[PDB]
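Next come the chains, spelled out residue by residue.
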Amino acid sequence: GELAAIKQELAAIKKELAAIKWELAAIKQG
Amino acid sequence: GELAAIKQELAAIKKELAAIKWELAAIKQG
Amino acid sequence: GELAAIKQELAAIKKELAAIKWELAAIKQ
Amino acid sequence: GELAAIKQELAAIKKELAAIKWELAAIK
């Protein structure tokens, strides 16, 4: 319920973190 | 105490991250 | 558990976000 | 054991943020 929504936010946070890592890798590269 | 509070905190953290991500994408373009 | 422990992690996360905010301002600076 | 699991997920997110913060500071 609320627990399932928490898991959805946790997963969405991980997606943003990965996005950030990929932006940083591009920045370092160029 | 409540799972809804944690959920809300996580949603706010996810938005923060999204903003960081966008800011970094902008840096990547310079 | 626990609730108290979850609160501390959240607080720690928020502070790292603030440090990141700091670094981003400096890069723009 | 959901609370403990959430706590652990948060700790890992915390550590990733610190690593991102260190990388950021290294930019240029």
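Sequence-order numbering is used: residues on each chain count from 1 as written, possibly diverging from the entry numbering, and only residues with coordinates are shown. Chain letters start at A and ligand numbers start at 1, both assigned in the order the entries are written. Values reported for side chains reflect all heavy atoms of the structure, with hydrogen atoms and water molecules removed beforehand.

- As deposited in the PDB, this entry carries the title "Crystal structure of the 4-helix coiled coil CC-tet".

**Considerations on unusual backbone geometry**
- Of note, the bond from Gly1 of chain C into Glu2 of chain C is cis; its omega dihedral lies within 30 degrees of zero at 10°.
- Secondary structure elements are taken from DSSP: a helix is a run of H or I of four residues or more, a strand is a run of E of two residues or more, and numbering for both begins at the N terminus. In this structure, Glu2 of chain C sits in the segment before α1 (3–28).
- Even without being a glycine, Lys28 of chain D presents a positive backbone phi close to 65°.
- Along the chain, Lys28 of chain D turns up in the segment after α1 (2–25).
- Relative accessible area serves as the criterion here: at 92%, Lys28 of chain D is assigned to the exposed category. Throughout this description, buried means an accessible area under 20% of the type-specific maximum (1.4 Å probe, protein chains only), exposed means over 50%, and partly exposed covers the range between.

**A closer look at the interface of chain B and chain A**
- Contacts between residues were defined by any pair of non-hydrogen atoms, one from each residue, lying within 4.5 Å. Taken together, the contacts link 16 residues of chain B with 15 residues of chain A.
- A side-chain nitrogen of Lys or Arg and a carboxyl oxygen of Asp or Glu constitute a salt bridge if their distance falls within 4 Å. The interface formed by chain B and chain A holds three salt bridges in total.
- Between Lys21 of chain B and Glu16 of chain A there is a salt bridge, and its shortest N-O distance comes to 2.9 Å.
- Definition of a polar contact: a pair of N or O atoms within 3.5 Å, with one able to donate and the other able to accept a hydrogen when the atoms are protein atoms, and with sequence-neighbouring residues admitted only if both atoms are side-chain atoms. Linking chain B with chain A are three residue pairs in polar contact.

**Overview of the relation of the copies chain B and chain A**
- Superposition record for chain B on chain A: RMSD 1.2 Å, screw rotation 73°, translation along axis 0.2 Å. Expressed as an axis order, the relation between the two copies is that of a five-fold axis. Note on alignment: the copies are superposed with a least-squares fit restricted to their C-alpha atoms.

**A few points about the pattern of salt bridges**
- Within this structure, the stated rule accounts for nine salt bridges over all chains.
- Residues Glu23 of chain A and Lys28 of chain B are paired through a salt bridge, measuring 3.0 Å at the closest nitrogen-oxygen approach. Here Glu23 of chain A is found in helix α1 (residues 2–29), whereas its partner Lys28 of chain B is found in helix α1 (residues 3–28) on a different chain.
- Judged by its relative accessible area of 39%, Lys28 of chain B is partly exposed.
- Here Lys28 of chain A makes a salt bridge to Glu23 of chain D, at a shortest N to O gap of 3.6 Å. Of this pair, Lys28 of chain A sits in helix α1 while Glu23 of chain D sits in helix α1, placing the two residues on different chains.

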